[PDB]
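Worth knowing before you read on, the calculation uses all heavy atoms, side chains too, and leaves out hydrogens, waters and symmetry mates. Residue numbering restarts at 1 for every chain, and letters A, B, ... go by the order of the sequence lines.
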2 protein chains.
Amino acid sequence: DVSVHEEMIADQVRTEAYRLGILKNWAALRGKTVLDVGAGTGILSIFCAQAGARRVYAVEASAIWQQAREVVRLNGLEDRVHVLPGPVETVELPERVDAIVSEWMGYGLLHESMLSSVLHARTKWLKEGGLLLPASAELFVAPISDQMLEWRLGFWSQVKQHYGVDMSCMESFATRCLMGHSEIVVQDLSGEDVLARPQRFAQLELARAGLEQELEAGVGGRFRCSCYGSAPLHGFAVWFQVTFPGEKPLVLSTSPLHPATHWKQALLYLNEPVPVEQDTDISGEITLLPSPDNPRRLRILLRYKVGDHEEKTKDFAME
Amino acid sequence: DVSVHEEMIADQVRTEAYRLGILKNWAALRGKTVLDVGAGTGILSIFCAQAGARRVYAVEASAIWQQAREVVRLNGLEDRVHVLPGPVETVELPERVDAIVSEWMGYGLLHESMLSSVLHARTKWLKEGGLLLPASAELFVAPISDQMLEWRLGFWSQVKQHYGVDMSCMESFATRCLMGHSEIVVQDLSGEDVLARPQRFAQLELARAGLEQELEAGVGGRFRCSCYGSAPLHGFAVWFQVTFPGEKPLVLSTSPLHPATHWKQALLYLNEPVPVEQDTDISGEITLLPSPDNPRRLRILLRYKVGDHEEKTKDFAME
Ligand SMILES: COCn1cc(C[N@@H+](CC[C@H](N)C(=O)O)CC[C@H]2O[C@@H](n3cnc4c(N)ncnc43)[C@H](O)[C@@H]2O)c(N)nc1=O
Ligand SMILES: COCn1cc(C[N@@H+](CC[C@H](N)C(=O)O)CC[C@H]2O[C@@H](n3cnc4c(N)ncnc43)[C@H](O)[C@@H]2O)c(N)nc1=O
């Protein structure tokens with residue numbers, strides 16, 4: 001429970017990006033009304049009030065809504081920030097709003113399926129031409145040679161050199177266990193793990209017509225790239241950024257090339273490592289989907305072709 | 001599954017202590033027979049063969065026994081290390097053995113209740129006067145001021161100074177969530193978290209008559225100590241060491257004052273922090289017990305008295 005809220009507030013990239021993304025829109029928020037969808041402990045609703053909003057409706061479905069209300073009171077804002085429990089789909093606000101703010105992104109952007117609630121609130125409560133913060137999201141994929149995974153798998157074949165016992169057979173076992181499943185793995189990588197230039201495979205203008213239907217059918221696209229050097233290819237990492245409109249937009253990124261965040265990246269491991277070399281061509285397609293039992297659980301459909309190998313498919317679901 | 005075996009082999013304290021604890025007993029093992037209870041991937045059975053044992057029976061109940069057999073084969077030892085699947089309580093060995101080795105310790109020493117299987121194998125299969133490795137275990141307790149916990153709880157009251165929003169109310173919420181439960185928390189501490197001299201509260205000679213019954217009734221004892229300085233007392237940490245007989249015995253320790261191991265320590269948090277000062281007297285009693293539904297789940301009964309406060313009790317069970 002509180003672990004996730006701890007990780008959020010200790011996430012300076014997330015917190016400062018929202019703080020400044022909101023403050024950057026002071027001109028659009030001053031004297032206006034805001035709806036914070038999934039307000040959690042309330043910090044984004046306070047940010048909006050501090051950016052000058054005249055009234056903020058902080059809607060939160062989880063039990064932690066009570067803490068938001070106390071946060072509001074401690075900051076002297078009970079007169080203009082109103083905390084409302086329950087789902088935004090049935091909350092009753094006294095008025096439509098000039099802006100929506102929300103921290104709706106999950107692991108792999110869409111795990112938890114929360115973007116649909118923001119879109120429902122936009123259709124229901126946002127005035128015509130109103131503001132959404134963030135306004136867009138972009139999805140990226142890169143092939144990876146996960147250095148930590150390479151070490152963990154390879155260490156079994158190093159036991160002879162550290163303890164005098166050959167355990168190299170455990171490398172294959174570990175490979176089957178760690179790579180031969182179909183779960184999305186959430187882990188943080190660094191630039192050292194990125195094996196080719198990251199590719200943007202989709203862009204979501206959050207206000208765009210039809211996005212609700214696109215989320216049900218699958219969001220994604222094709223990609224192509226060329227490997228930087230000789231390495232074991234372990235699979236692909238997927239991450240996102242979101243953009244707050246401005247006049248140079250502020251981007252909150254979850255790329256392994258950028259400061260770590262609590263979203264980490266979503267890793268899609270092949271069943272076993274594939275050796276590649278400099279300039280090995282990799283192409284494929286990535287689709288993010290709801291799981292059929294539960295649209296809130298992220299599913300990722302991967303098609304990929306490595307060099308001259310045949311195209312393969314692997315269908316992943318969130319761990 | 002494989003995560004735990006990875007953490008074991010990457011644990012140089014654990015692995016090197018067993019390696020040298022076994023090699024230290026070359027005189028007792030050479031040309032003799034060994035039973036490795038819960039042999040897992042087999043490294044301890046190989047160590048014994050390398051210490052000169054003529055035959056080693058590696059008994060492993062989990063599915064990973066097949067990897068032990070392949071490890072044995074890769075090291076050319078299939079003629080004298082025999083991997084036997086299933087529980088040691090019903091394995092059939094062709095002979096009684098001169099020694100038992102086992103890595104039976106769990107979190108908080110006794111979580112998983114495996115020591116009972118080693119004791120069953122001792123009674124059933126160990127020759128009279130035979131060797132047990134390790135031969136003894138000692139249990140320690142210290143009051144702690146968990147610096148990481150102090151930071152995590154206190155950070156909510158620091159949000160005003162980092163983001164301009166008072167969130168100090170979340171400190172109390174977080175305290176209730178992180179401390180006001182009755183779960184044993186497994187976490188690694190360091191010497192900076194230790195608030196008084198650690199106290200040995202029990203010693204287990206593993207070969208001693210009656211230990212099986214003592215494990216069912218509870219293992220533990222009283223302790224008393226005096227605080228080093230002014231700090232918030234968060235509770236107590238429990239850890240262990242085991243000793244391999246020799247001629248100066250080798251000790252494998254899980255103390256926070258010693259190099260980290262995969263056992264970490266077992267933390268027993270009070271419902272809320274208690275301020276203490278230099279020389280505040282703390283006394284109490286710690287009992288490790290089986291959980292009533294499931295003797296394999298560790299239960300810890302804590303009685304404690306801090307300074308002039310009344311004695312309190314808190315009954316914990318493994319997370
Ligand atoms: C890996 O990051 C994912 N992640 C994120 C959060 C953070 N949470 C608070 C953010 C808030 N800016 C803050 O400052 O606390 C966002 C989701 C929150 O929105 C709530 N929510 C969802 N659907 C709703 C609906 N239809 N109507 C109303 N509220 C709805 C949900 O209850 C949760 O509290 C979480 N808590 N867990 C997670 O795993
Ligand atoms: C926090 O550390 C706890 N920890 C430890 C282990 C390590 N494991 C292998 C150690 C082995 N030296 C090696 O080198 O792999 C020990 C327990 C192993 O003993 C097996 N076992 C238990 N009761 C048995 C019975 N009555 N007869 C036969 N085998 C029995 C059990 O199947 C397990 O494999 C684990 N695997 N998980 C855990 O959490």
Non-hydrogen atoms of chain A under 4.5 Å away: do they reach the side chain of [X], the backbone, both or neither?
| X | value |
| --- | --- |
| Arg69(B) | neither |
| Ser168(B) | both |
| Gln50(B) | side chain |
| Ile46(B) | side chain |
| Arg152(B) | both |
| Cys177(B) | side chain |

Assess whether atom CZ of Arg30(A) is packed by more than 12 heavy atoms of other residues, nucleotides or ligands within 6.0 Å.
no
Over 12 foreign heavy atoms within 6.0 Å of CD, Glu16(A):
yes
Taking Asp188(B) for its side chain and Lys264(B) for its backbone only, find out whether a donor-acceptor pair lies under 3.5 Å.
no
For the pair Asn75(B) (side chain) and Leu77(B) (backbone), establish whether a donor and an acceptor sit closer than 3.5 Å, ignoring hydrogens and angles.
no
Modelled atom types, side-chain donor and acceptor of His262(B) and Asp11(B), under 3.5 Å:
yes
Which one of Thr41(B), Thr15(B), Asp1(B) has the most heavy-atom pairs closer than 4.5 Å to chain A?
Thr15(B)
When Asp166(B), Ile43(B), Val2(B) are compared by non-hydrogen pairs under 4.5 Å with chain A, the top option
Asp166(B)
With under 30° as parallel and over 60° as perpendicular, where do the rings of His162(B) and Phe155(B) fit, or are they tilted in between?
tilted
Could you check whether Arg14(A) pairs with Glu103(A) (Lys NZ or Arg NE/NH1/NH2 to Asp/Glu carboxylate O, under 4.0 Å)?
yes
Quick check for you: among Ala174(A), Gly42(A), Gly164(A), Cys169(A), which has the greatest number of heavy-atom pairs under 4.5 Å with chain B?
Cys169(A)
Contact part of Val159(A) toward chain B, heavy-atom cut-off under 4.5 Å: side chain, backbone, both or neither?
side chain
